[PDB]
Amino acid sequence: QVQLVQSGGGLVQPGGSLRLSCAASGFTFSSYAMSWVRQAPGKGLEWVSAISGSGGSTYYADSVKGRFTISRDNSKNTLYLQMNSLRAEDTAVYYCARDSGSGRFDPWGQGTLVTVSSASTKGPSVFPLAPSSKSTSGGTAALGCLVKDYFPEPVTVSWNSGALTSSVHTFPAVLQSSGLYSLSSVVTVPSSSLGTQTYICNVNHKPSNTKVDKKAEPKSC
Amino acid sequence: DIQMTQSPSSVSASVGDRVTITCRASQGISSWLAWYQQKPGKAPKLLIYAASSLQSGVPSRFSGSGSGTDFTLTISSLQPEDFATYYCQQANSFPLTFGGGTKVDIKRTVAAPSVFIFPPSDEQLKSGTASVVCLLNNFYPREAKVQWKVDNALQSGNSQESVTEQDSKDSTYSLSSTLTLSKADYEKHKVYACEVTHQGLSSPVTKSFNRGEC
């Protein structure tokens, strides 16, 4: 079975270097051209580079020429990408791919995430997203938790120790100008419940060993 | 550089519907255009090569056509697993270029968002930053416009949005918008409002709070 297995992605400081690997199995690697393609958050696919089966010809997109270096070890059947002088915009999932004739890509590797950022591991602060005390009962009230200023992902959020699963939306994290992540987890409940029932978000950030239970009790506004 | 324009940017269709996606090249690319399927969090999968040749293992409901500068992808009868983002790619000359992507949606009836606003906690207010959050709950289609106003002055450049993937039960979206301020600026204004425009709303919905009463 034709397989591409990627490794080497991770966190790199701005200006640094990183080497990506794509191990190929199940076909004759030396008979096929290969490419790197990348994908920025929420964006489309962008082609980076290609190399012929022998390694004699290399091709690069304009945005990356001179800065990254694609190479291959046909004896270990592993493609590679040495990345130098890194910038924040190079943060992406990188895919290796087979040129299977007429420019079609088959197979794709699973991709590997490169995050180019200057930051340390930080556990998050958790803040209530609270409605006000003046909610008509019978209506729908929203409450939640703002999970602010952490790196890296993930944070997991459950509600009432897993008992509250209906109407929960944990939003994808957004990267702030500071380089730290932020996300919100929210739940909607009947407004009549706000005086008798407690709502607690369970936040787990495993890289920083942060465990926080935060209650989104409201405020009199 | 060969510019690829894919249209439309998004399509909402029901299971069983026919969907058509176009890819236009700025220059002649003969027939060297491929179509790809990418499901969320997964690698792209080859669907179509040489504009019209079906890749092995790809269902027969997929078809490609076109030449030169004008190309078309057709799914004759949409099936649940074909929800994905679809990309065209040219292989005529370097650089290789991709279209902007087309996200294919699952159709349901129009649903207006429930809108909620959350002031920052006093805890946050001790750290020197203020986050005001506008939540859009359970709406369809995805297109909605969120504008923040602080004492009726339009804010720009200080909010961020996040949209959920489509719900597997009711096919709606949710949006979180976080407006970020300094503590001093938050204490210097009174009325904070998030204004929502959406296809399902006959008029803009505004949710607001007064900081001095909180």
# chains A, B, ... in the order shown; residues from 1 in each chain; ligands from 1
>>> residues_around(residues="region 131-135 of chain A", least_positions_apart="5", cutoff="8 Å", atoms="only C-alpha atoms", output="PyMOL selection string")
(chain A and resi 141-143+191+218-221) or (chain B and resi 117-118)
>>> interface_residues(of="chain B", to="chain A", cutoff="6 Å", atoms="only C-alpha atoms", output="CSV table (one decimal) with C-alpha atoms, in the first residue's frame")
chain,number,residue,atom,x,y,z
B,43,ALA,CA,-5.3,15.4,3.7
B,49,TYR,CA,-7.0,14.8,-13.3
B,91,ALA,CA,-0.2,21.8,-13.7
B,95,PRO,CA,4.3,28.1,-10.4
B,100,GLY,CA,-9.4,29.8,-3.4
B,101,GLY,CA,-11.5,26.7,-2.4
B,118,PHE,CA,-21.2,39.1,27.6
B,164,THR,CA,-18.1,26.2,14.5
B,213,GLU,CA,-25.3,49.4,35.5
B,214,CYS,CA,-23.0,46.3,35.6
>>> closest_atom_pairs(of="region 64-97 of chain A", to="region 22-33 of chain A", cutoff="8 Å", atoms="only C-alpha atoms", output="tab-separated table")
residue	atom	partner	partner_atom	distance
A:74	CA	A:30	CA	6.4
A:76	CA	A:23	CA	7.9
A:77	CA	A:24	CA	5.7
A:78	CA	A:23	CA	4.3
A:79	CA	A:22	CA	4.9
A:80	CA	A:22	CA	6.2
A:96	CA	A:22	CA	6.4
>>> atom_distance(atom1="CA of residue 114 (chain A)", atom2="CA of residue 2 (chain B)")
27.2 Å
>>> residues_around(residues="residue 115 (chain A)", least_positions_apart="4", cutoff="12 Å", atoms="only C-alpha atoms", output="list in words")
residues 8, 9, 10, 11, 12, 13, 14, 16, 17, 18, 39, 40, 41, 86, 87, 88, 89, 90, 91, 92, 93, 94, 119, 151, 152, 153, 175, 179 and 180 of chain A
>>> closest_residue(among="A:34, A:53, A:117, A:3", to="residue 177 (chain A)", atoms="only C-alpha atoms")
A:117
>>> select_by_dssp(residues="region 73-176 of chain A", states="strand (DSSP E)", output="ChimeraX atom specification")
/A:73,78-83,92-99,105-108,112-116,125-129,140-150,156-159,168-170,174-175
>>> residues_around(residues="residue 206 (chain B)", least_positions_apart="3", cutoff="8 Å", atoms="only C-alpha atoms", output="number ranges by chain")
B: 193-196
>>> select_by_dssp(residues="region 137-209 of chain B", states="alpha helix (DSSP H)", output="PyMOL selection string")
chain B and resi 183-186
>>> closest_residue(among="A:194, A:70, A:64, A:51", to="residue 139 (chain A)", atoms="only C-alpha atoms")
A:194
>>> atom_distance(atom1="CA of residue 166 (chain A)", atom2="CA of residue 120 (chain B)")
25.0 Å
>>> residues_around(residues="region 203-212 of chain A", least_positions_apart="6", cutoff="10 Å", atoms="only C-alpha atoms", output="count of residues only")
20
>>> closest_residue(among="B:126, B:142, B:96, B:33", to="residue 48 (chain B)", atoms="only C-alpha atoms")
B:33
>>> residues_around(residues="residue 9 (chain B)", least_positions_apart="6", cutoff="10 Å", atoms="only C-alpha atoms", output="CSV table (one decimal) with C-alpha atoms, in the first residue's frame")
chain,number,residue,atom,x,y,z
B,21,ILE,CA,-18.1,24.5,-9.4
B,85,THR,CA,-13.9,21.9,0.4
B,86,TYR,CA,-13.0,21.4,-3.3
B,99,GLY,CA,-8.2,28.1,-6.5
B,100,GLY,CA,-9.4,29.8,-3.4
B,101,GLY,CA,-11.5,26.7,-2.4
B,102,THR,CA,-15.2,26.0,-2.4
B,103,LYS,CA,-16.7,24.8,0.9
B,104,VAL,CA,-19.9,22.7,0.0
>>> closest_residue(among="B:148, B:98, B:186, B:116", to="residue 36 (chain B)", atoms="only C-alpha atoms")
B:98
